[PDB]
Amino acid sequence: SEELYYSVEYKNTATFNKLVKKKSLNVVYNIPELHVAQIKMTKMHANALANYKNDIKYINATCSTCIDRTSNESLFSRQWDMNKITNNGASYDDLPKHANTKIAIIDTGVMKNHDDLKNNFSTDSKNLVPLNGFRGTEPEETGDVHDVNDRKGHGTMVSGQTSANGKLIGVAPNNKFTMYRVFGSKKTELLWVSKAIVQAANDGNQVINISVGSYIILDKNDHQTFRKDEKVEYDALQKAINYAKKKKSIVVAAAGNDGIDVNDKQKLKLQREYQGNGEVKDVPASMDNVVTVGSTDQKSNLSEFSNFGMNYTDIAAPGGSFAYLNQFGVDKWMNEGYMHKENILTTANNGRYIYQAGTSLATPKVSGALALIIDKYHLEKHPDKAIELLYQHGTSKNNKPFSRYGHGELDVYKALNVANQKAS
Ligand code: NA
């Protein structure tokens with residue numbers, strides 16, 4: 001009588017709804033635009049449902065795969081990472097006069113009342129966490145659409161990198177950001193992330209920042225309706241990304257934080273302790289139509305924790321390092337200044353600040369930059385032109401190889417001054 005969570009890919013809204021009523025299916029999540037739903041049912045009903053060939057494409061069990069720069073109040077001079085990409089703050093004098101692009105952030109939520117974020121916070125922000133949250137195990141989650149308060153703290157850190165405009169300064173200090181909450185206090189579902197991408201794209205956010213990664217199992221050798229891999233989620237996520245592209249939104253994704261060359265299939269399978277036959281992928285970072293951002297340290301070298309590889313990394317931005325911590329131990333690291341040199345200062349969920357590191361802190365820098373580029377050159381109708389400008393004129397050309405840095409480390413000063421070429 002065991003009832004489990006199944007991910008289902010269906011063929012048609014009208015026939016699916018009709019089938020739901022006929023078999024009284026308990027649909028606990030649904031994304032009409034992608035033809036995917038999550039249904040809670042017995043293994044016996046899951047198997048019978050897989051036999052409705054006119055309506056059901058795939059079914060699999062859902063799994064656990066996842067501007068003041070100089071006043072005495074300014075912390076801008078401590079933001080080494082922000083200084084590095086802006087020519088020490090000079091790029092803030094070249095910002096577009098009107099900052100109309102909306103940056104969507106899909107993450108844990110945000111402290112909307114943080115002093116550095118409140119002016120840029122958009123009330124169009126939405127909660128995608130359903131009533132009762134992860135697998136119905138968090139009754140405090142009411143499914144309230146406007147509740148985007150951050151419980152974990154990560155989303156607040158990310159938002160600061162794109163939009164802080166107070167003591168701390170983000171990459172795009174005059175642009176509004178929209179938070180799409182996909183975490184309660186527990187885990188997230190890739191289906192919630194997919195719905196958040198669709199929502200962001202429908203809300204007109206032309207830049208969508210995804211700091212969440214996950215290693216997903218998919219098996220292209222199996223074509224059965226009822227599957228053992230995570231096919232439905234994979235499809236939902238790639239379809240969400242392509243949906244965003246059709247709506248003229250760019251999706252920016254963080255590379256993973258496991259320091260692995262994603263071309264080494266063996267090392268990837270090891271992330272899910274998987275022995276099938278059988279492939280593991282880092283998603284959405286390795287998916288089609290995503291800008292994949294790797295992380296660099298304070299010396300512009302690739303962070304030791306950053307994933308990388310050919311046909312993966314598109315660009316890199318400062319995300320920090322723990323080299324000093326590993327070399328000198330905790331005591332010397334926090335008390336002799338090293339933490340401050342190799343970690344990223346960002347906005348914290350306590351209304352103050354915190355030092356962190358990771359690709360999730362590099363990615364918002366790139367998202368912010370794309371928002372600036374779209375507004376500066378008026379590329380709203382052709383957002384791919386923003387990506388090409390970023391790649392060809394918005395990075396440093398001192399970083400190599402491509403398999404590690406992609407087109408290079410982000411340089412916002414260069415990206416904003418393409419019309420102001422200087423003869424050398
Ligand atoms: Na301008």
# chains A, B, ... in the order shown; residues from 1 in each chain; ligands from 1
call {"tool": "closest_atom_pairs", "arguments": {"of": "chain A", "to": "ligand 1", "cutoff": "6 Å", "atoms": "only C-alpha atoms and all ligand atoms", "output": "Markdown table"}}
result
| residue | atom | partner | partner_atom_place_in_ligand_line | distance |
| --- | --- | --- | --- | --- |
| A:96 | CA | ligand 1 | 1 (Na) | 4.1 |
| A:97 | CA | ligand 1 | 1 (Na) | 5.4 |
| A:376 | CA | ligand 1 | 1 (Na) | 5.4 |
call {"tool": "write_last_selection", "arguments": {"atoms": "N, CA and C atoms", "output": "PDB file, in the first residue's frame"}}
result
ATOM      1  N   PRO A  96      24.578  51.947 -17.789  1.00  0.00           N
ATOM      2  CA  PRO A  96      23.528  52.505 -18.633  1.00  0.00           C
ATOM      3  C   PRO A  96      22.744  53.532 -17.818  1.00  0.00           C
ATOM      4  N   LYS A  97      22.121  54.492 -18.482  1.00  0.00           N
ATOM      5  CA  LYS A  97      21.362  55.521 -17.778  1.00  0.00           C
ATOM      6  C   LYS A  97      20.056  54.915 -17.233  1.00  0.00           C
ATOM      7  N   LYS A 376      22.857  48.419 -21.883  1.00  0.00           N
ATOM      8  CA  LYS A 376      23.834  49.330 -22.479  1.00  0.00           C
ATOM      9  C   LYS A 376      23.745  49.403 -24.003  1.00  0.00           C
TER      10      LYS A 376
END
call {"tool": "closest_atom_pairs", "arguments": {"of": "region 47-109 of chain A", "to": "region 227-243 of chain A", "cutoff": "7 Å", "atoms": "only C-alpha atoms", "output": "tab-separated table"}}
result
residue	atom	partner	partner_atom	distance
A:58	CA	A:232	CA	6.6
A:59	CA	A:227	CA	6.2
A:60	CA	A:227	CA	5.0
call {"tool": "write_last_selection", "arguments": {"atoms": "N, CA and C atoms", "output": "PDB file, in the first residue's frame"}}
result
ATOM      1  N   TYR A  58       6.608   9.345 -20.311  1.00  0.00           N
ATOM      2  CA  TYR A  58       7.528   8.693 -19.372  1.00  0.00           C
ATOM      3  C   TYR A  58       7.101   8.847 -17.928  1.00  0.00           C
ATOM      4  N   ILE A  59       7.539   7.899 -17.107  1.00  0.00           N
ATOM      5  CA  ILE A  59       7.316   7.925 -15.683  1.00  0.00           C
ATOM      6  C   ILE A  59       8.546   7.339 -15.012  1.00  0.00           C
ATOM      7  N   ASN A  60       9.026   8.006 -13.963  1.00  0.00           N
ATOM      8  CA  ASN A  60      10.089   7.465 -13.115  1.00  0.00           C
ATOM      9  C   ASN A  60       9.878   7.958 -11.696  1.00  0.00           C
TER      10      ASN A  60
END
call {"tool": "residues_around", "arguments": {"residues": "residue 391 (chain A)", "least_positions_apart": "5", "cutoff": "9 Å", "atoms": "only C-alpha atoms", "output": "PyMOL selection string"}}
result
chain A and resi 314-315+386+406-408+410
call {"tool": "write_last_selection", "arguments": {"atoms": "N, CA, C and O atoms", "output": "PDB file, in the first residue's frame"}}
result
ATOM      1  N   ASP A 314      32.029  28.183 -20.191  1.00  0.00           N
ATOM      2  CA  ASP A 314      31.911  29.278 -21.166  1.00  0.00           C
ATOM      3  C   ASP A 314      32.655  30.544 -20.740  1.00  0.00           C
ATOM      4  O   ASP A 314      33.127  31.324 -21.592  1.00  0.00           O
ATOM      5  N   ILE A 315      32.753  30.732 -19.423  1.00  0.00           N
ATOM      6  CA  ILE A 315      33.316  31.914 -18.832  1.00  0.00           C
ATOM      7  C   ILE A 315      33.619  31.652 -17.352  1.00  0.00           C
ATOM      8  O   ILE A 315      33.116  30.717 -16.760  1.00  0.00           O
ATOM      9  N   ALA A 386      23.940  39.618 -26.632  1.00  0.00           N
ATOM     10  CA  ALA A 386      24.527  39.980 -25.332  1.00  0.00           C
ATOM     11  C   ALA A 386      25.549  38.935 -24.933  1.00  0.00           C
ATOM     12  O   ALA A 386      26.629  39.256 -24.448  1.00  0.00           O
ATOM     13  N   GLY A 406      37.004  28.938 -20.257  1.00  0.00           N
ATOM     14  CA  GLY A 406      36.101  29.267 -21.321  1.00  0.00           C
ATOM     15  C   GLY A 406      36.724  30.466 -22.005  1.00  0.00           C
ATOM     16  O   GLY A 406      37.938  30.506 -22.180  1.00  0.00           O
ATOM     17  N   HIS A 407      35.913  31.454 -22.339  1.00  0.00           N
ATOM     18  CA  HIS A 407      36.413  32.673 -23.010  1.00  0.00           C
ATOM     19  C   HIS A 407      37.277  33.569 -22.131  1.00  0.00           C
ATOM     20  O   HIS A 407      37.924  34.496 -22.633  1.00  0.00           O
ATOM     21  N   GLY A 408      37.297  33.302 -20.831  1.00  0.00           N
ATOM     22  CA  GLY A 408      38.168  34.026 -19.913  1.00  0.00           C
ATOM     23  C   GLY A 408      37.437  34.536 -18.701  1.00  0.00           C
ATOM     24  O   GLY A 408      36.246  34.285 -18.537  1.00  0.00           O
ATOM     25  N   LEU A 410      35.579  37.191 -16.453  1.00  0.00           N
ATOM     26  CA  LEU A 410      34.668  38.324 -16.640  1.00  0.00           C
ATOM     27  C   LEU A 410      35.371  39.686 -16.431  1.00  0.00           C
ATOM     28  O   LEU A 410      36.115  39.847 -15.465  1.00  0.00           O
TER      29      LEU A 410
END
call {"tool": "atom_distance", "arguments": {"atom1": "CA of residue 413 (chain A)", "atom2": "CA of residue 303 (chain A)"}}
result
22.3 Å
call {"tool": "atom_distance", "arguments": {"atom1": "CA of residue 195 (chain A)", "atom2": "CA of residue 6 (chain A)"}}
result
16.4 Å
call {"tool": "closest_residue", "arguments": {"among": "A:100, A:417, A:185, A:156", "to": "residue 132 (chain A)", "atoms": "only C-alpha atoms"}}
result
A:185
call {"tool": "residues_around", "arguments": {"residues": "region 103-113 of chain A", "least_positions_apart": "5", "cutoff": "7 Å", "atoms": "only C-alpha atoms", "output": "list in words"}}
result
residues 118, 121, 148, 149, 150, 152, 153, 154, 155, 156, 176, 177, 178, 179, 180, 181, 182, 183, 196, 200, 205, 206, 207, 208, 209, 210, 211, 349 and 371 of chain A
call {"tool": "write_last_selection", "arguments": {"atoms": "C-alpha atoms", "output": "mmCIF file, in the first residue's frame"}}
result
data_model
loop_
_atom_site.group_PDB
_atom_site.id
_atom_site.type_symbol
_atom_site.label_atom_id
_atom_site.label_comp_id
_atom_site.auth_asym_id
_atom_site.auth_seq_id
_atom_site.Cartn_x
_atom_site.Cartn_y
_atom_site.Cartn_z
ATOM 1 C CA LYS A 118 15.587 46.319 -0.453
ATOM 2 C CA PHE A 121 13.977 43.695 -4.644
ATOM 3 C CA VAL A 148 10.172 34.256 -0.634
ATOM 4 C CA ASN A 149 11.836 34.703 2.768
ATOM 5 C CA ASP A 150 15.209 32.934 2.894
ATOM 6 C CA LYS A 152 18.849 28.822 4.468
ATOM 7 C CA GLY A 153 20.776 32.003 3.600
ATOM 8 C CA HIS A 154 22.261 31.101 0.227
ATOM 9 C CA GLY A 155 19.824 33.137 -1.920
ATOM 10 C CA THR A 156 20.633 36.266 0.061
ATOM 11 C CA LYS A 176 15.832 45.027 -10.057
ATOM 12 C CA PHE A 177 16.101 41.365 -9.188
ATOM 13 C CA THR A 178 13.316 38.877 -8.775
ATOM 14 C CA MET A 179 13.742 35.941 -6.446
ATOM 15 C CA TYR A 180 12.159 32.585 -7.217
ATOM 16 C CA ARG A 181 12.224 30.448 -4.100
ATOM 17 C CA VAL A 182 12.733 26.727 -4.644
ATOM 18 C CA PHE A 183 13.961 25.758 -1.151
ATOM 19 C CA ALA A 196 10.797 28.507 -11.537
ATOM 20 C CA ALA A 200 10.906 33.695 -14.545
ATOM 21 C CA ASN A 205 13.179 38.375 -16.666
ATOM 22 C CA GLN A 206 15.678 38.306 -19.493
ATOM 23 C CA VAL A 207 18.508 36.962 -17.310
ATOM 24 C CA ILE A 208 17.890 33.879 -15.151
ATOM 25 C CA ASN A 209 20.550 32.891 -12.590
ATOM 26 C CA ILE A 210 20.709 29.252 -11.459
ATOM 27 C CA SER A 211 23.296 28.620 -8.779
ATOM 28 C CA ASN A 349 20.628 36.613 5.805
ATOM 29 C CA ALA A 371 21.808 42.579 -17.608
#
call {"tool": "closest_residue", "arguments": {"among": "A:175, A:14, A:194, A:81", "to": "residue 30 (chain A)", "atoms": "only C-alpha atoms"}}
result
A:194
call {"tool": "closest_residue", "arguments": {"among": "A:151, A:299, A:248, A:220", "to": "residue 280 (chain A)", "atoms": "only C-alpha atoms"}}
result
A:220
call {"tool": "closest_residue", "arguments": {"among": "A:37, A:198, A:172, A:95", "to": "residue 366 (chain A)", "atoms": "only C-alpha atoms"}}
result
A:172
call {"tool": "residues_around", "arguments": {"residues": "residue 259 (chain A)", "least_positions_apart": "4", "cutoff": "7 Å", "atoms": "only C-alpha atoms", "output": "PyMOL selection string"}}
result
chain A and resi 304-307
call {"tool": "select_by_dssp", "arguments": {"residues": "region 330-378 of chain A", "states": "strand (DSSP E)", "output": "list in words"}}
result
residues 344, 345, 346, 347, 353, 354, 355 and 356 of chain A
call {"tool": "write_last_selection", "arguments": {"atoms": "C-alpha atoms", "output": "mmCIF file, in the first residue's frame"}}
result
data_model
loop_
_atom_site.group_PDB
_atom_site.id
_atom_site.type_symbol
_atom_site.label_atom_id
_atom_site.label_comp_id
_atom_site.auth_asym_id
_atom_site.auth_seq_id
_atom_site.Cartn_x
_atom_site.Cartn_y
_atom_site.Cartn_z
ATOM 1 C CA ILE A 344 33.916 36.651 -1.254
ATOM 2 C CA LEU A 345 32.313 39.288 0.931
ATOM 3 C CA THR A 346 28.561 39.280 0.357
ATOM 4 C CA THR A 347 25.227 40.102 1.929
ATOM 5 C CA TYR A 353 27.689 40.411 5.748
ATOM 6 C CA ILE A 354 29.471 37.094 5.403
ATOM 7 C CA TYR A 355 32.564 35.660 3.653
ATOM 8 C CA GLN A 356 31.850 32.646 1.387
#
call {"tool": "select_by_dssp", "arguments": {"residues": "region 126-333 of chain A", "states": "helix (DSSP H, G or I)", "output": "ChimeraX atom specification"}}
result
/A:134-136,154-163,190-202,231-246,265-269,323-333
call {"tool": "closest_residue", "arguments": {"among": "A:321, A:367, A:221, A:350", "to": "residue 277 (chain A)", "atoms": "only C-alpha atoms"}}
result
A:221
call {"tool": "atom_distance", "arguments": {"atom1": "CA of residue 171 (chain A)", "atom2": "CA of residue 85 (chain A)"}}
result
8.8 Å
